[PDB]
């Protein structure tokens, strides 16, 4: 039957370029004839032959009559959906996988694992699907909105690896990692180190031995919690990224947090899920990251790179690698993912571009994608082209 997937060396290239924009609300005009789904938290995950574009829908379309409440994060109607990457997630193109207000999914080389969380806030539930079958669940351990990545889980040799977290969005939220094989949790991994608050980890393989994640600390800092998870020992350690180029939003000016790598600094409250993807070369490792152009608002999105070093000890500024979204455009969640070419993996960053008109109208998002290709500098930015009044 198919081989299990492993991370491979990345395809050759030294810059990212604009790849693709999925802007479903370019067709949502009241005079139009389409039914784009209202969604937020999009992410992409690829198998050997295909990529799926996932999101959490509010189970409502534009145009339609169910806009009220689409700016809320959790309720009894949100579902995890997907379409083949390159299709436009409408009512008929999408597949509804499970009721969920937090999600993840990944392919292990043989089948898709789908993860969704739902249940009441004080006692939510991780639910796992392998293909068509519901196979396992995991309980709330801190009884305060158990939740997961909002981006792809990561499989190697049939073992997938997922961050989950539970606890207060303004206080302690210690994450755990689940090791899942054929839809069933075979190991729970309790991290060591700086564990006070880790959520929405964007994870990827640095090698066949290590999974790394750049996460969100919604409570204490604008520096991102950076997980190193050893896949051979199933152990994990977390420490704050030490770079002066703070990747969260909100954040203080770069380099303004004085003290050791561990100092939390200022404007720590609040956060945003950030993009992070690995470029694995024979001798070296590129870590590519994204952050908003604004320090305080979810506007714009810029690309940054650092080759090698130790993200927990390196204070060096990340190298600015191009404007993906200008400050005039929305820049909300961003995530890494990798496309499987024939012999090598292609690193990409996807950007959630939310159309926000506040609670009195529909709330949904476009997804912009940039991927490593060729050499040079990043050339063009992305606009959604959507007028929310139509």
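Residue numbers count along the first chain shown, from 1.
A.B. asks: Once you work out the mean C-alpha B-factor for both 68-76 and 97-105 from the entry, which is higher?
C.D. replies: In the deposited entry, the stretch with the higher C-alpha B-factor mean is 68-76.
A.B. asks: Per the record, averaged over C-alpha atoms, which has the higher B-factor: 82-90 or 166-174?
C.D. replies: On average, C-alpha B-factors are higher across 166-174.
A.B. asks: Per the entry, which of 331, 28, 48, 336 tops the list for Cα B factor?
C.D. replies: In this record, 48 carries the highest C-alpha B-factor of the candidates.
A.B. asks: Highest Cα temperature factor in the entry, among the options 196, 118, 132, 111: which one is it?
C.D. replies: Among 196, 118, 132, 111, the PDB entry lists the largest C-alpha B-factor for 196.
A.B. asks: So where's residue 356 on the chain's Cα temperature factor ranking, which third?
C.D. replies: Tercile = highest for this residue's CA B-factor.
A.B. asks: Going by what the PDB entry lists, where does residue 302 fall on CA B-factor within its chain: lowest, middle or highest third?
C.D. replies: Highest third - that is where residue 302 ends up once the chain's C-alpha B-factors are sorted.
A.B. asks: Sorting the chain's modelled residues by C-alpha B-factor, tell me whether residue 374 ends up in the lowest, middle or highest third.
C.D. replies: It belongs to the middle third of the chain when residues are ordered by C-alpha B-factor.
A.B. asks: Which third, lowest, middle or highest, does the CA B-factor of residue 212 fall in along this chain?
C.D. replies: Middle third.
A.B. asks: Lowest, middle or highest third: which one holds residue 19 when the chain's residues are ordered by CA B-factor from the entry?
C.D. replies: For residue 19, whose C-alpha B-factor we compare with every modelled residue in the chain, the answer is the middle third.
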